[PDB]
Amino acid sequence: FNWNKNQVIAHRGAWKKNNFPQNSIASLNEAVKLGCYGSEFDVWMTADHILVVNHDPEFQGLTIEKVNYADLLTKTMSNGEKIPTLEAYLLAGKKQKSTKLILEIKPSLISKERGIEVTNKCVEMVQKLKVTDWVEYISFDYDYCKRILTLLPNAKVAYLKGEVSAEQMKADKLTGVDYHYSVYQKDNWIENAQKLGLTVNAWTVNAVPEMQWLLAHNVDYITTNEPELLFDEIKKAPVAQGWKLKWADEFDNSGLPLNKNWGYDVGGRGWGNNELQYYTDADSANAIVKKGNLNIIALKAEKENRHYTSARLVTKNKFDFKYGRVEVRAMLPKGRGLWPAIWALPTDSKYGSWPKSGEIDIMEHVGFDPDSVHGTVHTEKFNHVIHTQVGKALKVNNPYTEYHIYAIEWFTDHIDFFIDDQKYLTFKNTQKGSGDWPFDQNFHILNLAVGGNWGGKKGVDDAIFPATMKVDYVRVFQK
Ligand SMILES: OC[C@H]1O[C@@H](O[C@@H]2[C@@H](O)[C@H](O[C@@H]3[C@@H](O)[C@H](O)O[C@H](CO)[C@H]3O)O[C@H](CO)[C@H]2O)[C@H](O)[C@@H](O)[C@@H]1O
Ligand SMILES: OC[C@H]1O[C@@H](O[C@@H]2[C@@H](O)[C@H](O)O[C@H](CO)[C@H]2O)[C@H](O)[C@@H](O)[C@@H]1O
């Protein structure tokens, strides 16, 4: 066995790219060629009790469970293949020893006892063909999963349906959870299962954001119709370089930002830049999580001594860190007068107040200049008050209508800045002391300033409100 040790599972074989039929010998062999960890397929049983491979219960209009296999042979798939028998599928996979065969037993549309029998026959067929080492099982029917585990105690078995606790599954000796990916977008489903020793798979994951999300949280497998795109995404993901996720807010809660992750900076006293906004305290009008992302909303609204309200969220003393990859996926608010920022301040200010203990601006944008997004470091020697800050600006296509990934990678000796994995700035540790390099322990800040010394130079377009900065996630990786 030269098993492939990657996360790619080819949903119904590798069928889509080369226009093969789903759940076919062609699509399975293509999955072997690509080097997938596994190739996934679906099993039904004919009326005359022959196991065959097809997702739907009707193969070209014939109800599999109610017709003879001979009846199904009157139909031909797009590449000329007939409906494969399970035996033919398992023997084709037997001819190679690098990718697993992920067998799905479909719940019977006839009866639970029939489907338990299907399960009996599937396990017997794996044993008769001696391919027990290739085959791993998934099912929507919890009873079939447990029946497999009775017949094969060391079998790999994962459950697909979603409504059983990770704690119960480990009790019943299942080895993985395999839910639709939306299911995991509730509280710590992934970490929970891994804590208990279950592998984590997710199905059908065809789009890049969900791929990068599942990789960031280090799932074991991803079932996809886009295995070639997934290999590409694995190469460019932070785990490929040794980054491990330490902390994330995927903003999958609804309501106010989580108190375990975010505190509020509150007040309208200018924030050192003569800014025009009052940052409010736990007010859903300026900070709200909904539909999978954080909304920071600036409003043209009098409050106390200011004409605008907004929000400034900080992880100070909730998540503080030194070194790492900081990744924030964000869509910027449009309009002259706005000054959104994604940045970081030191938690303890070991060298004195700003700018002596530093600041890192992962993303700054002033709405009067739409074609520039900026990254900047500030130190005692290199800051904007004395006109010595070290920073660069990149033009970003469509900053207001699509998400972009604003990122830093922060090491003992330098900091790299990225916009959508384009590196555009490196700040090197000069090794001449803390006035040149104060970086030892910081936290994150998301805010939408209005006006101010930088952002207000050309006035505020009072028509742009309400103005929303959307943040898909904040992820912090470390080595
Ligand atoms: O601490 C006293 C010192 O405060 C200064 O106010 C600074 C702000 O200039 C500073 O501004 C931030 C940028 O430097 C940063 O890197 O980008 C962010 C986001 O866009 C800005 O908020 O913020 C710090 C920390 O809150 C303030 O202390 C005064 O300008 C200066 O006169 C005063 O001595
Ligand atoms: O004033 C706060 C901001 O200062 C910026 O430095 C430069 C500005 O002083 C100048 O007016 O605009 C240029 C644009 O290239 C800035 O680089 C910092 O870049 C910001 O981090 C800081 O918030």
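Just follow the structure's listing: the first ligand is 1, and inside any ligand the first atom is 1. We count residues from 1, following the sequence as given. These values consider heavy atoms only, across backbone and side chains, with no hydrogens, waters or symmetry-generated copies.
Annotation for ligand 1: atoms under 4.0 Å from non-hydrogen atoms of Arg312 are 26 (O). With ligand atoms numbered from 1 in the order given, ligand 2 contributes 2 (C), 23 (O) to contacts under 4.0 Å with heavy atoms of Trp339. Applying the 4.0 Å criterion to heavy atoms of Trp339 picks out, from ligand 1, the atoms 20 (O). Heavy-atom proximity to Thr376, at under 4.0 Å, picks out these atoms of ligand 2: 19 (O), 21 (O). Numbered from 1 in the order shown, with element, the atoms of ligand 1 that lie under 4.0 Å from a heavy atom of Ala341 read 19 (C), 20 (O). Of all atoms in ligand 2, numbered sequentially from 1 with element shown, those under 4.0 Å from a heavy atom of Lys457 are 11 (O).
Taking the six-membered ring for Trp, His11 and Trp203 have ring centres at least 6.0 Å apart. In this structure, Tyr279 has its ring center no closer than 6.0 Å to that of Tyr264. Aromatic rings of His374 and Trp454 (six-membered ring for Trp) have centroids within the 6.0 Å cut-off, being under it. A distance of 6.0 Å or more separates the ring centres of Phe321 and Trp247.
Defined by atom type and a distance below 3.5 Å, a donor-acceptor pair is missing between the side-chain atoms of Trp271 and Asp265. With no hydrogens or angles considered, no side-chain donor-acceptor pair links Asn225 and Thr204 at under 3.5 Å.
Ring planes of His404 and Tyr406: tilted class, angle from 30 to 60°.
Neither the backbone nor the side chain of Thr376 has a heavy atom within less than 4.0 Å of ligand 1. Under 4.0 Å from ligand 1, not a single heavy atom of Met363 appears. Using a 4.0 Å cut-off between heavy atoms, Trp343 makes no contact with ligand 2 at all. By the criterion of a heavy-atom distance under 4.0 Å, neither the backbone nor the side chain of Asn453 is placed next to ligand 2. Residue-level proximity to ligand 2 for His387 is absent, since no heavy atom of it falls below 4.0 angstrom.
The distance criterion of under 3.5 Å between nitrogen or oxygen atoms is met by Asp361 with respect to ligand 1. Note: an N/O pair closer than 3.5 Å links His384 and ligand 1 by distance alone. Note: no N/O pair closer than 3.5 Å links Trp343 and ligand 1 by distance alone. On a distance-only criterion, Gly272 and ligand 1 share at least one N/O pair closer than 3.5 Å. Residue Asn273 has no N or O atom closer than 3.5 Å to an N or O atom of ligand 2.
The pair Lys303-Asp283 meets the salt-bridge criterion, since a charged nitrogen lies less than 4.0 angstrom from a carboxylate oxygen.
When the heavy atoms of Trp454, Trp354, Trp271 are ranked by distance to atom 4 (O) of ligand 1, first place goes to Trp354.
When the salt bridge (charged side-chain N to carboxylate O under 4.0 Å, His left out) test is applied to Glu136, the partners found at least two apart in sequence or on another chain are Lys100.
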Run the side-chain donor-acceptor check on residues 234-243: report pairs under 3.5 Å with partners two or more places apart or on a different chain.
unit_1: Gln241; atom_1: NE2; unit_2: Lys235; atom_2: O; d: 3.4
unit_1: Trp243; atom_1: NE1; unit_2: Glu409; atom_2: OE2; d: 3.3

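No cation-pi contact links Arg329 to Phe251, judged by a cut-off of 6.0 Å to the six-membered ring centre and 45° from its axis.
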